[PDB]
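Below are the chains, spelled out letter by letter.
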2 protein chains.
Amino acid sequence: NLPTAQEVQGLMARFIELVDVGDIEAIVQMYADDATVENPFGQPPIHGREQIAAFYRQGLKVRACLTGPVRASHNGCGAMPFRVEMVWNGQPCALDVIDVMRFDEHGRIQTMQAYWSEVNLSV
Amino acid sequence: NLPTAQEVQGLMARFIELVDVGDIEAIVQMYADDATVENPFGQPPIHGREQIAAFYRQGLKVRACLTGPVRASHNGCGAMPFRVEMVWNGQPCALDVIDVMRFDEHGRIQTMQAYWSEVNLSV
Ligand SMILES: C[C@]12CCc3c(ccc4cc(O)ccc34)[C@@H]1CCC2=O
Ligand SMILES: C[C@]12CCc3c(ccc4cc(O)ccc34)[C@@H]1CCC2=O
């Protein structure tokens, strides 16, 4: 059913772990089949598991970690701060992001909005 | 005009400083006259400076501090992680929150959503 605040904290924490290890198939399965992703917030959203999978395969030697607790509400939504470290054309980079997610009645990610821009990038 | 990503970072950081010192009038002036506030996200929103001022006067010996960088987008929005420490009936408490704000063309807060619940409270 619609995840409780405690369940949202668990789901979002699991999401980061999956991103960290890079299990693309497991990441995609956490999304609803018709989920929408806005990354970064402000740019046109991608829709559906096919587009989401393509996005992650292209994006993910990457490391991800929570940098603070998951903030969860009682209506199936949560927000979390985390950092992503990768390599861009050789040089190591870090990106600080905040994701806001809305889950559906099946415990799957319905909508995801990623807040970040160049000001949160470090090379 | 619509604040740039760098400007959003500055405005949101200033907001926390105002909350920390507790300057109610200065806090209210950062909001648009008809701004809406959802605190915590999930509960009915309050509307207008009068209601917002009443909310802050009731809410603010409180300390507030950013616990990570402000994540800003290019369309006048930002998200930030912070902690609020206060006293509840004698016992000291801490609350971890994430605010998402949308600014208008005048650089004022149009909409604010605060993500938190009992799971983010520490007594
Ligand atoms: C999509 C994402 C936010 C942005 C992002 C991720 C991973 C690799 C990236 C590589 C980039 O060059 C730019 C942005 C990202 C995260 C994976 C989990 C998440 O929330
Ligand atoms: C409104 C707020 C989030 C919640 C909150 C604040 C201040 C005092 C509080 C006292 C409470 O007993 C419960 C919640 C708050 C913050 C002031 C700045 C902000 O974003």
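Residues numbered from 1 in each chain as written, not as in the entry; some residues may be left out. Chains lettered and ligands numbered in written order. Heavy atoms only, no water. Residues with missing side-chain atoms left out of burial classes, pairs and counts.

Per the deposited record, determination of this structure is attributed to X-ray crystallography, with the resolution reported as 1.9 Å.

Identification of chain A as STEROID DELTA-ISOMERASE from Pseudomonas putida is taken from the PDB entry. According to the UniProt record, the Catalytic activity comment for chain A reads "a 3-oxo-Delta(5)-steroid = a 3-oxo-Delta(4)-steroid". (UniProt positions renumbered as here; feature names shortened; annotations may be inferred.)

**A closer look at the site of ligand 2**
Residues and elements named next belong to chain B. Residues in close proximity to ligand 2 include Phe15, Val19, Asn39, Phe55, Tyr56, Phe82, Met86, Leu95, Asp99, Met112 and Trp116, which together make up its full environment. The side chain of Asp99 places a nitrogen or oxygen atom 2.6 Å from an oxygen atom of ligand 2. With the chains in place, 82% of the 430 Å² that ligand 2 exposes on its own is no longer accessible. Secondary structure elements with two or more residues in the shell around ligand 2: helix 1 (5-21), helix 3 (48-59), strand 5 (77-88) and strand 6 (91-103). Looking at the shell around ligand 2 residue by residue, the classes come out as nine nonpolar, one polar and one charged. (Near = heavy atom within 4 Å. Polar contact = N/O pair within 3.5 Å; in protein donor to acceptor, adjacent residues only side chain to side chain. Areas by Shrake-Rupley, 256 points an atom, 1.4 Å probe, with all protein chains shown as cover. Helix = DSSP H or I, 4+ residues; strand = E, 2+ residues; numbered from the N terminus. Nonpolar A, V, L, I, M, F, W, Y, C, P; charged D, E, K, R; others polar.)

**Some thoughts on helix 1 (residues 5-21) of chain A**
Residue and element names in this part refer to chain A. Taking 1.5 Å as the rise per residue, helix 1 with 17 residues should run 24 Å; its terminal C-alpha atoms sit 25 Å apart, in good agreement. Looking only at helix 1, the buried set comprises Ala5, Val8, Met12, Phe15, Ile16, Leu18 and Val19. End-on, the buried residues of helix 1 take up no more than an arc of 160°, which puts them together on one face. Exposed residues pointing more than 90 degrees away from the buried face of helix 1 are listed as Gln6, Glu17 and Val21. One or two steps after helix 1, the chain reaches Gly22, where phi turns positive at roughly 85°. (Expected span 1.5 Å × (residues − 1). Buried < 20%, exposed > 50% of the residue type's maximum accessible area, 1.4 Å probe, protein only. Arc of directions from axis to C-beta.)

**Quick notes on the interface of chain B and chain A**
Contacts between the two partners involve 29 residues from chain B, matched on the other side by 29 residues from chain A. Interface area, chain B with chain A, both sides summed: about 2,100 Å², of which 62% is carbon and sulfur. On the chain B side of the interface with chain A, the three residues burying the most area are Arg71, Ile98 and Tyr115 of chain B, jointly 29% of the side's total. If you look at where chain B meets chain A, you find zero salt bridges. At the junction of chain B and chain A, the tally comes to 10 residue pairs in polar contact. For the side of chain B that touches chain A, the secondary structure elements donating two or more residues are helix 1, strand 4 (71-72), strand 5 and strand 6 of chain B. The biggest single contributor to the side of chain B that touches chain A is strand 5 of chain B, with six residues. Of the residues belonging to the side of chain B that touches chain A, the class tally is 16 nonpolar, 10 polar and three charged. (Contact = heavy atoms within 4.5 Å. Buried area = accessible area lost by both parts, 1.4 Å probe. Salt bridge = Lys/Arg side-chain N within 4 Å of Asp/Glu carboxyl O.)

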